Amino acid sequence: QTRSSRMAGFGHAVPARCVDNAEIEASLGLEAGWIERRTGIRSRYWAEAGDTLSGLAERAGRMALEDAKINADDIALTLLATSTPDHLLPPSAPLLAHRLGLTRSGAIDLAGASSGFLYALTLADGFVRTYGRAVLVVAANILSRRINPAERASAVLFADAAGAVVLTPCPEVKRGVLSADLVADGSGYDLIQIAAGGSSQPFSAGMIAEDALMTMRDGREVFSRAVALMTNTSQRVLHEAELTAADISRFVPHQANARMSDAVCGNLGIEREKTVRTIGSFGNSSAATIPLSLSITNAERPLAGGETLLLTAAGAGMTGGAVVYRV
């Protein structure tokens, strides 16, 4: 009897340390306002000693569970979209479920870089509709511990955060996920990467510190590919939901870079004014950006029935996706 899913609850969490552009600009020897003019970021949050990825996910998730007024037994599945799990084994999701007291919930990690959340949303929707039970979806990242401070292009963008949504089963049609498009382009696999620690170059004694840290090979190629991926996926989910950009109530792009948000907005003819923008205070926390923005915009103005959200993201991989969601 389940025909759709609903975003029944929202949440987000950051570590407490607020890092202004001025601190980073000092470390990298750039004049004042460099970061804000080129990225739209004004400050970001970075994790501190003691802060764990699963604990950050836990705070966002608890906020979303309480927002939904859902009992913790009712969560059948927890999807944790992250690139930065506590350990390389086991995944962080079973610990997140445990910390939240979700005793009947399965749990698994999804690694889809900055696109991870949209994949998890899509797969969760298919679970809710197939099984008629609720799913908790958390995206969270502590990228700060992966930042190469000497690499200006990445050290100025990436941030730590978590966002969470509780999806519940709904009997009605023509609502929920109207369309979804998940893409990949592995020719760009090498554009955003960590060299060491996977199976191709396991972490070894005496490795170059920087080999454990993120690198962005071609910031301009990455910009072009990501804009194309977000535009093209957005475009086809709009057509499949039979909506136009003028019909979207809120546009929630991945918060990669304000200039990319602008590029996609322009390409689709979507007002900036309908576009949720959280990069100014929260930076680029990869897969976490879209659910943190959803929590923020819902906090500002509760999502009203009939509103349409366009969610889109692109990330390392390359990966990309878009979702048309009707409240």
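Residue numbers here begin at 1 and follow the sequence given.
The PDB entry reports B-factors from which the mean C-alpha value can be compared for 81-89 and 164-172; the larger average falls on 164-172.
Of the two segments, 62-70 and 270-278, the one listed with the higher mean B-factor is 270-278 (C-alpha atoms only). Out of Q255, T122, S179, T215, it is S179 whose C-alpha atom has the highest B-factor in the PDB entry. As recorded in the entry, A32 carries the highest CA temperature factor of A57, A288, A32, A49. When the modelled residues of the chain are ordered by their C-alpha B factor, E240 lands in the highest third. For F223, the recorded CA temperature factor ranks within the highest third of the chain's modelled residues.
When the CA B factors of the chain's modelled residues are split into thirds, the value for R152 lands in the middle one. Ranked against the other modelled residues of its chain, the C-alpha B-factor of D109 as given in the entry falls in the lowest third.
In the PDB entry, a CA B factor belonging to the lowest third of its chain's modelled residues is recorded for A13.
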